[PDB]
Structure formats: structure tokens, C-alpha cells
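What follows is a single chain, given as C-alpha cells, in the form deposited in one PDB entry.
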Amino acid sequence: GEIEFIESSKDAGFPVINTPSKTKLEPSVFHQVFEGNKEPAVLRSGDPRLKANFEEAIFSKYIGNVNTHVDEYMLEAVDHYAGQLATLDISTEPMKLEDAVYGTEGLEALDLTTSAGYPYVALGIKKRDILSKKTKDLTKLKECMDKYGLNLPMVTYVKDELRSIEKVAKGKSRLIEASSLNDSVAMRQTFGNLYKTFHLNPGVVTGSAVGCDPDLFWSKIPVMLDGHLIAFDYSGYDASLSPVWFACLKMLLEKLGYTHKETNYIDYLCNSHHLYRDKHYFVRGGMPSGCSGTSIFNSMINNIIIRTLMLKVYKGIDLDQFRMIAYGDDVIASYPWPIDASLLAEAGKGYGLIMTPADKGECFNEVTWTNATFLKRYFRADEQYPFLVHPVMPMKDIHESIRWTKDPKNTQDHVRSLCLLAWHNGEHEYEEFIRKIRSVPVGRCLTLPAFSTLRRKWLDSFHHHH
């Protein structure tokens, strides 16, 4: 992706979008009790922890674009994947507006707490002013959609989350785009049925894990990925995608029965118009992390990308024995024969991607189940039920999360979330975590699930159908 134009909002008539510039993250009541190195991302140029220039830092993920047409390797990749997806039977029929906006099986309602984006943010209007969960009303939305239309600017917020010292220092906070509610809703109509299928069918046919539940899905993964594991990181995936990849997605969607008009929306995503604070800018390429369906479309493209890289390097390759699962940029894959990931990474470089060893990592080492991670979790067969696998978030990551909070009022909810993660590290490690929690008085005011209970509920979770 590449920033093509930057002027001041002022000179084009847009008002200053006024995002909040102080973090919502404050030290929790457990900040002393546990150790960690992470802190709130930098949100403004003044922040005294900066050791570089914020404005430059945040936009620097737009590394450039490789000008190219869709080559022979892309085509066979698109075909093959298109092949897998055909088996799923995806309605290209639009989705009943009420379903797109307020829920249905395999697609949560629109989130009413997130931004409605332009122009509503300028005009003081929020989603709850336009939509009601209680009344499923659509008359107002319908006014707003017709009043204001589609293809509106996006609003660029700086993500307010924990980062490492290095990322705080370098100022490399992630950006998220808010799509105008109108566009959020259009897209959910156009592609709602697609989203629905991928959420309801995570794994090897979709090549996607978006929507999944690790407590349940982990146990399927080694079954679907029986070969020699392949896995790697990207640096700045979303922003590194050149237009050619969007082109491939377009094709892929057309083979699915979407028509040219139905695919204009990808150009919305690819060639984007953005508002940030007091500046206004266009971008050619890059996925705008946060708009409708961006994880799905990232995943889809990643399935096209990897296949493309295997083809261009391993000319004799048989893709029908390849298997991958993506969550946006996070991949785990397998083939029955060993594969040199570094070869792919240098193939990738040529298409403008920056692929790196799985986890931060010295070399593209061999990946085992011992060392494999996906969505930041490890895999560990249950000692007693070997066909069940535990998703194991590192307590390092759990410790970091519990030491902060955006709202102490949810402390209980927060800690029970972390409890559902922690017990996969096993009973000693759980009980110790609970001791430390209970070493402050708030600890003891919380209803916390017992190890034994989490275990039983997990085991019984495999009993009832799906």
C-alpha cells in the first residue's frame, strides 16, 4: 500500500476529526502483583516515551507497491482455492438487511459501541442514535444510507492497546479504519452470506480460522494438518498488500458468482480515502484493517498468496496435498514433504511482502507441534485424552493483560476471561495464578471458576453436536 496524496482536511471542507489523545488504559489493581514489560501504545506526537517521530512511524507500514499484472502462478493459485471454496456453496445473493444489521446464525449484529465513522462523527451522531437492539428499527438507517450514500471516507484511529517497550519507543502504534456505517452495512449485505459460511466453516476448506473457538478448534487442527508443518510471520501484512492481490481476490470472488458490480467494493478497500485528525489522504493498496470483512478478506488473499509462492518456487508442487488455515495474516500450513520457508520468503519479497521466521525468530527453523503457535497460542495434547488438544496462551501474555484495564468496573469479567485462558497451562500454574490474584483484596471479591470446573466443562464441550 501507498499514500498518494496528503493535504489538510480544512482545504477540502472536512472538519477536524477529533479522536481522544490520552489512553484509556490505566494500571490495574494487580499491576504490582504480576510482572510485565508492556505499556499503552503511543497515541499522540507529544508522548514523552517517544524515541522517534510518531507521524512517520505510524504511516511507515505503507511500504510501497509492486506494479504488476496477475501472473501465471497467481492464476493457478486462484483456481485451486476457488476450487476448494466451490465445495461450500456460497450464496452470492444479498442478505436480508435485518440479518446483516442485527444478527443471524454465523454473523453477529453490528457492534453498537464502535464508531459510525464519517459524517456521523462530525455531526455528533452515534450508532445507538441510528439503531436499536431492542426494536430492530431500520427506517432511520434507511434515511441515512439514502441521505449520505456509499463510498465515504474512512476515519483513521490510533489503536489504544498494550505494546512492547520497543514499539512504544519506535512509536509504531497500529492504525484502524472505521468505515462509514453506511458502507459497513452495504458490505455486510453484499457479502454477509460469505462471512456466514467462513464463520460456520473454519478450517481447511475455507483455509480460515476467523470466527473460531480455540477451546474447540485446536483439537481439529492436527487432524487437518497431518503433514510437515509450515509457519511464518509477516511484518505489516495489511499495509504491504499491493493492488495485484486485490485483483486476485476480485477474480476469486467472480469465480464464486459475485458480479463485477458486487466486487466494486474491493476497490473501496484497495483505493481508499482517509481522514485522520486534521489531515485527509488517499491510499492505493493496503487492506484497511477495521472496515467490514477485513480479516476474512485478508485470510482469503493469504490462501492465494501462499499457493502462489509454493508454485513459483516448487515448480513440481501438487497443491491437492497442501493444507492451510489463516486468521488474516497468521498462517499455519502443511505439506507431506519438507519445505524451505526462506525460499518462499524471498519469493514473497519480490511481490512486496515481508515474511519472517515463525514467532520472532533467528532462522526459518523446523516447526514442530512443540514449538508451533497460532493466534499466539501453543498446542498441547491433553495428558489423559490424547485426541484433545489444549490451546495454551503463554502466562507471560496473560500476566501482561491483567496489569491494566480500560474500566475497573468489568474487572470481574476480565479476570474470568483470563481464567478461561490460563487453566490450559495446567493446575500448578493455575492455582499459582489464583493465589496471586487473591493476594489483593479485590481478588477475593471475585467469583472465580475452580480448575476442576473448567476441566469438566471443557471435556463436556465436545459432547454436544455441531
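From 1 onward, residues are counted along the sequence shown.
The same protein also has a form deposited with a partner chain bound, omitted here; what follows describes it.
- Heavy atoms of no residue among 40, 156 and 176 are located within 4.5 Å of the partner chain in the deposited bound form.
- Of the residues 265, 379, 327, 237, just one reaches the partner chain in the deposited bound form with a heavy atom at 4.5 Å or closer; this is 379.
- Site annotation in the deposited bound form: the residue of 73, 258, 102, 369 reaching within 4.5 Å of the partner chain with a heavy atom is 369.
- Shown alone, this chain has one stretch from 379-387, 198-206, 273-281, 293-301 that lies within 4.5 Å of the partner chain in the deposited bound form by heavy atoms: 379-387.
- Shown alone here, residue 90 lies farther than 4.5 Å from the partner chain in the deposited bound form, counting heavy atoms only.
- Using a 4.5 angstroms limit between non-hydrogen atoms, residue 425 touches the partner chain in the deposited bound form.
- Mapping the unseen interface onto this chain, residue 394 counts among the residues with a heavy atom inside 4.5 Å of the partner chain in the deposited bound form.
- Within this chain, residue 106 is remote from the site of the partner chain in the deposited bound form, having no heavy atom within 4.5 Å.
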